[PDB]
*Asks:* 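The structure under discussion is supplied below as C-alpha cells; questions concerning it will follow.
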There are 4 protein chains.
Amino acid sequence: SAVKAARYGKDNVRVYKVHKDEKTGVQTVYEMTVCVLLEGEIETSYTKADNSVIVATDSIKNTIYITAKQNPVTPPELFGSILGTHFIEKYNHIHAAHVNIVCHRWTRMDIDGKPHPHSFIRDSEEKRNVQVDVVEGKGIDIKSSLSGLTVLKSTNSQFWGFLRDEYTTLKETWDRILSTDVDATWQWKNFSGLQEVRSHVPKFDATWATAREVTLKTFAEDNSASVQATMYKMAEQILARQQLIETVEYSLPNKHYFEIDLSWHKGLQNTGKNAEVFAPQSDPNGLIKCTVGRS
Amino acid sequence: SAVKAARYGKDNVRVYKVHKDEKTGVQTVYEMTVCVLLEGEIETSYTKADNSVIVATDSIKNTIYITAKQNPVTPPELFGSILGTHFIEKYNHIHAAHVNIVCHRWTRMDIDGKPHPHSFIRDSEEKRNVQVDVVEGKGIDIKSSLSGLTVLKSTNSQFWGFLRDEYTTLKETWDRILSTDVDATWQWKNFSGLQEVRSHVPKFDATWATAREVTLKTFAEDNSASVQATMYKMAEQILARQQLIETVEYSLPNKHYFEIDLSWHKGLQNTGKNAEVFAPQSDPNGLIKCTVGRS
Amino acid sequence: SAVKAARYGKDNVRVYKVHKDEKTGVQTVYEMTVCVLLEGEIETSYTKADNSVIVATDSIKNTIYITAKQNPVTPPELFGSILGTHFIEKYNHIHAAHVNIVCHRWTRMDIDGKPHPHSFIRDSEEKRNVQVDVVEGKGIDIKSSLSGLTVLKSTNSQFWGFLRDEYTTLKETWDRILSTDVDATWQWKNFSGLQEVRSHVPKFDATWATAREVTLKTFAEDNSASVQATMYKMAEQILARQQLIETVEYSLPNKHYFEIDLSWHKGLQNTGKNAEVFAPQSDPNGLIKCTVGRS
Amino acid sequence: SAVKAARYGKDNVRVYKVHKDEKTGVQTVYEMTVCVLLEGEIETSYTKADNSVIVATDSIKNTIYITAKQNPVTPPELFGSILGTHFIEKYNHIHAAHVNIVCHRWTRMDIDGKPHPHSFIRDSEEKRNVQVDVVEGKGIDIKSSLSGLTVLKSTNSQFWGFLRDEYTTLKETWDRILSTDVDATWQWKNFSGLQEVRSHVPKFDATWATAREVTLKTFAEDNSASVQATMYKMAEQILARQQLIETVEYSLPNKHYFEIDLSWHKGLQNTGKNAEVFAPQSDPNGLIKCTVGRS
Ligand SMILES: O=c1[nH]c(=O)c2nn[nH]c2[nH]1
Ligand SMILES: O=c1[nH]c(=O)c2nn[nH]c2[nH]1
Ligand SMILES: O=c1[nH]c(=O)c2nn[nH]c2[nH]1
Ligand SMILES: O=c1[nH]c(=O)c2nn[nH]c2[nH]1
Ligand code: NA
Ligand code: NA
Ligand code: NA
Ligand code: NA
C-alpha cells in the first residue's frame, strides 16, 4: 500500500480580535473560525511512525493566535494568505497550506440613532468565508464566498414549460413563493504570492459587497423563470463588475412552500389566487448549482 | 396507578401567511411555528383505550391552518388567544389549551434605498415568542418573549468583589468582554377572555419593541458590575414602562472570551491592557436568571 | 420593583473521569455534562451591585472537578446529591442547589467476542439524566430520566375510534407504523439528606434498567390502541416494580410515516395492505404526555 | 459569460421501505436519505430560460419512490446504481447522475433474549453511505463509506517525537486519551454498468462489515504512535482484504481531553499518572486525513 494523499492540521479554531482607536475611543471586533491543513513531505508519520516530520496541530493553533496578534485579520483573504505563506516558508518539508476562515457578524449597534463605540449585535447567521490554498512554487488561490443569506419573495416567481412525462405530477405555475439560502463563491485569478495579494487588498471587501448587492437586487427584481435562470443573471453581473474573478459559483436550495387545500372545510378557498396560508416544507428540497466563467 | 396529569397535541406546525394590499401592491409575510397542547377529560384514552375523547392531533393541525386563514396572525398574543379559545369553546370535555408560537423574522428588503413590495430577508435568528394558556373558567395567561438576541461589548464590563475562598481561581477584573444571548419574558396580567385581549391589542407590539429597545440600550450603556446587576436594570425599566406586565424574567448566558498569554513566544504581550487576541469559549458558560416583579 | 426569584451558576460543564483497576488492568470511563444553579440570599448582587454574596460561576466549575476527583461519579443520583449538598453546607447564605447531569454513553467494545479493557464506543445518543434539587431544611428531590431512545415498529399499532367532526380528515387505521423518541422520568420520594440517599444507592441503577426494559418490552409487545394507551402501560409497570418512586412521566413524540399513493403511475399499488414505500415526516409531530402516580 | 458546470436535482429525500416475510411474519425496515443531482445538456435553462430541458426536481423525488417500490433498496450501492442508471437511460440529454444515499440504523430489538419480528431501535447515529456517479459512456463509480462512529480509548495512545520549535508548547506524552469520530471511505474499481454491479452484490455488505471490524480492532489494539500511524494500519488492512477497492480514505478528528491541574487546591494530584478527572474540549480539534492506495 502507498500514501496517495495526506493532509493534517487544526480545525475549529475560534479567534476574536479587537482593534482600539485610542483617539476616538471607537472599538471594532472581528470573530472567525479558522481551519489550517498542511501537506508536504509527511508520509513517514503515517507509514513508519516518524513524528519528526509533524508540526503538531497544537503548534498550528498557537501560530494562528500569534499571526492574528502580529497582523491584520481583515480582509480575510489577506489574513488567510499571510497564515498559509508562513507555513510553507517556515518549514522546508511543508509544501502546501490550506486555510479556511469563516467570518461571523458583529455589527455595530445603533443606539438612539447613533453608532455605539464598543457594542455589537449578531444581525444574522450569514457568513463571509475564504478558502486560501498556498502551494510552494504555484502561488495563492483564493476562493471568497458568502453563505447563509436566507431570502424569500412572495410573488414574481414562475415555473412553467418543464418536461412532462409519466414521472411528472408537478403543476405549472405563473405565481409562486421562492425562498433560498444563498451560497455564492467567487474565485480569484491565481496570485503569484503575498506581494500580489497585498496589491489587491481594496478589491476583496469591495467585491464581497458587490456580490451581496447583486445577489439581493437580482433576486428581488427578477421576474424569475426558474432558480436556474435567476442565478445565471447574478453570476453574469458579478463577472462583469470584477475582472480579477475567474469563476462564480452559486448553490441554491429551493425551499418549498406548499399550498394547503382547505376546501373540504366549509368550501374555504385557499388555492391559486385565493392562497393565503401555506405550509413550509422542511424537506425534501430542490438543489440547483451553476459555475459560470468567461467565454 | 392513576393519571395525575396529561396533555397532548401537535408540535412543530410550520405556518406561513401572506397579506396582499390590492391598492398599493405591497405584500407582507408572517411565518411561525406553532404548538398546541390540550387538557381536559381525556384520562380514559390512557387507561381504557377510549379514543372517543381524543380530538386527533391531525385535526389540531387542520384547525391551526383554518384559524390562520380566517383570522389575523398578528400580533401573536391575539392569534394564540383565538386559537386556544377555539378549543375550550368547541369541545365540552377540553378545559385547557396551551399554545406556543415562535415567530420567525422576515424583514422587508431595502433595494437601492427603498423598501421592496414583496422581497424579504431573514435578518437574524432572533425570535419573538408567545405562550398562551387558555383555561376554562380562569381566563387567558399570556407570556410574551424575545430570544436569540446575541450581543457583545468589548469593554465597559467589570467583575470584582466576589467571594474568594479555597475553591476560587478567578481573578478580579475592571475591564472584560461581555457577550450573551438574551432570553427575556414578560408576563401579562390575567385576561378575562378574548374580548379583554382584543381591547389591549396595540400594547403587544409596542411592549415587545420597548423590551427589545431597553435590553439593547441598557446593555450598551451600562458600565456593568455583573450580569446580575445589568439585567436587573433592564427588568426594572420594562416594568416601569408597561403597567399591565406583572413579572419580567431574564435568562442570560455569560459566553466567555479568554485572554491568551503569548509571552512564552518572543515575550509577546497579549494580556491585561495589552490583550487584543482572545479565545472564545464554547463551553462551559455562566447562566444567570432573575424574575423581577412589583414591590 | 423587587426580586421575586433568582438563580445562577454554571452550565455545560463537561467532565470525564476514568477508574483504573490496578489488579485486572480494566479501565472504566464516565463522561457527563453538568449544570449547577444556586439560590439563596443573593438579591443584593442584582439590586445593589453587591458581588460579595456571589460564589463565582468559575468557582462553581472548579468545585465540580474537585468533587468528581474526590467522590464517585456513579450513580449520578449520588454524585448530584453530594455536589448539591456541598454548596448548601459550605455557604451559609446559599439555601438551594439545583444539579442537572446528562450522562453520555461509553460502552465497552467487544473485540473478537471478548470485552476490551480500555476501548469504548458511543453506541447511541440515548442519555441517562438526573435533576437533583437540594434545599436547605427540606431534603433532596431526585428526578431520574432516560431520553433519546428512538424506536420504531412497523406493525401492531392502530388508531381508530377518535372524535370526528368538521375539522377531521384523518382516516381510521388498524395497521400503521409507530415511531417515537422516549423521554421517561421517574421521581423519587423526598430523601432526608445524603445519608438516606446513600442507603438507597443500589436501587438507582436497578430502577434505570427496569424503566428502560419496561419501555422496550411494552413498546414491542403491545398491540397499541394509541400512544396514550401504550405509554400508560409502561408507567403502570414501573410504579409497580419500585415502591420508592412517586410519579412516572412520559413525553412521546409521534413521528409520522405517511403512505405514498403511486397509483397515478402505471396503477402502482402502494397503499393499505400494499404499502411498502413510505415518506418519513420531519414535522409536524404528535406530542403526547402523561404523569402517572399512585391511587 | 458561459456555463462551465451545472448540476441540479433533489436533496433530503427521506425514504422508508418495509419488507414482509409472509411465511415467518418477520418484517425488516430500511430508512435512507437520498440526494440525486443530474448533469447534461441543460445550459439553456440557465442562459435562455428554456425549461423544456428540465426534468423537474419534483419528478426526480417521484422517481426515487417509484424506484424503491420496484427494486431492492439494499445494498445501497446496488440501489444507487439502479437509480442513477435510470436517469441517463431515460433522458437522452441527461448524461450524468450523482446519487448520494445515507442509510440510518434500524436495528432489530432483542426482547427477553430473542429477536423481535417487527420492532427496531436506533442504536447509534453511525451511518452507512454511498456516492454513486453514473456517467453516460464511462460506467459507474461507487464510493462506499461509514461515518459517525465515535470511539474512545483511555490509554495505549502516545504522542512524542514531534517537531519542536518556538511555536511549540505541547508536551510529549507516553499515555493519553484518544477519541475520534471515524469517517472512512472505500472507493471501488470503475464498473462497466449495472450488470457488472449486480455481479458483485455480495461483496458490498461484506466489505462494509470488514471495514468496520478493521477500524474497531485496529483502534482498540494498536499501541498508537499517532492518529496518522494508526489510521494507516486500518487502511492497509482493508486494501489487503478486498481486491476490488482502489483507494481507502480516512478522515479523523482528534477530540482532545485535557488534564486538569488541581494542585492549587489542597495539593490535590490529578496530573500525569495521577490524572483521573479530565476536561473534554469541544473545540478546537486535530483533523488528520489520509488516502491510501496500491503500490
Ligand atoms: O426553479 C425551479 N427549478 C427547478 O429545476 C424545479 N424543479 N421543480 N421545481 C423547480 N423550480
Ligand atoms: O457577571 C458575572 N456574574 C457572575 O456571577 C460570575 N461568575 N464568574 N464570572 C461572573 N460574571
Ligand atoms: O396515537 C395517537 N394518538 C393521538 O392522539 C393521535 N392523533 N392523531 N394520531 C394519533 N395517534
Ligand atoms: O496524533 C496526533 N497527531 C498529530 O498530528 C498531533 N498534533 N498534536 N497532537 C497530535 N496528535
Ligand atoms: Na516549505
Ligand atoms: Na370546553
Ligand atoms: Na447554606
Ligand atoms: Na442520457
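Each ligand, and each atom within it, is numbered from 1 in the order the structure gives. Naming convention: chains lettered A, B, ... in sequence-line order (proteins, then strands); numbering from 1 in each chain.
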*Asks:* Classify the side-chain pair A:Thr57/A:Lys10 by whether it contains a donor and acceptor separated by less than 3.5 Å.
*Replies:* yes

*Asks:* With heavy-atom distances below 4.5 Å as the criterion, would you say the side chains of D:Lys233 and D:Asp222 are in contact?
*Replies:* yes

*Asks:* Could you tell me, for ligand 4, which of its N or O atoms are under 3.5 Å from any protein N or O, listing the pairs and their distances rounded to 0.1 Å?
*Replies:*
{"unit_1": "ligand 4", "atom_1": "1 (O)", "unit_2": "D:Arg176", "atom_2": "NH2", "d": "2.9"}
{"unit_1": "ligand 4", "atom_1": "1 (O)", "unit_2": "D:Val227", "atom_2": "N", "d": "2.9"}
{"unit_1": "ligand 4", "atom_1": "3 (N)", "unit_2": "D:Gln228", "atom_2": "OE1", "d": "2.9"}
{"unit_1": "ligand 4", "atom_1": "5 (O)", "unit_2": "D:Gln228", "atom_2": "NE2", "d": "2.9"}
{"unit_1": "ligand 4", "atom_1": "7 (N)", "unit_2": "A:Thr57", "atom_2": "N", "d": "2.8"}
{"unit_1": "ligand 4", "atom_1": "7 (N)", "unit_2": "A:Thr57", "atom_2": "OG1", "d": "3.1"}
{"unit_1": "ligand 4", "atom_1": "8 (N)", "unit_2": "A:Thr57", "atom_2": "N", "d": "3.3"}
{"unit_1": "ligand 4", "atom_1": "8 (N)", "unit_2": "A:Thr57", "atom_2": "OG1", "d": "3.1"}
{"unit_1": "ligand 4", "atom_1": "11 (N)", "unit_2": "D:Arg176", "atom_2": "NH1", "d": "3.1"}
{"unit_1": "ligand 4", "atom_1": "11 (N)", "unit_2": "D:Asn254", "atom_2": "ND2", "d": "3.4"}

*Asks:* Can you measure from CZ (A:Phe159) to CD1 (D:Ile54) and round to the nearest 0.5 angstrom?
*Replies:* 4.5 Å

*Asks:* Should the heavy atoms of other residues, nucleotides or ligands under 6.0 Å from NZ of B:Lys48 be counted, would the total exceed 12?
*Replies:* no

*Asks:* Let's go through B:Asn62 and C:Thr169 carefully: what are the C-alpha distance in whole Å and the side-chain angles of both, what is the deciding distance for side-chain contact (heavy atoms from CB on, under 4.5 Å) to 0.1 Å, and is it a yes or a no?
*Replies:* CA-CA 8 Å; B:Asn62 301 334; C:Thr169 52; 2.9 Å; yes

*Asks:* Looking only at heavy atoms, what is the nearest atom pair of A:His256 and A:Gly286, with distance?
*Replies:* NE2-N, 3.3 Å

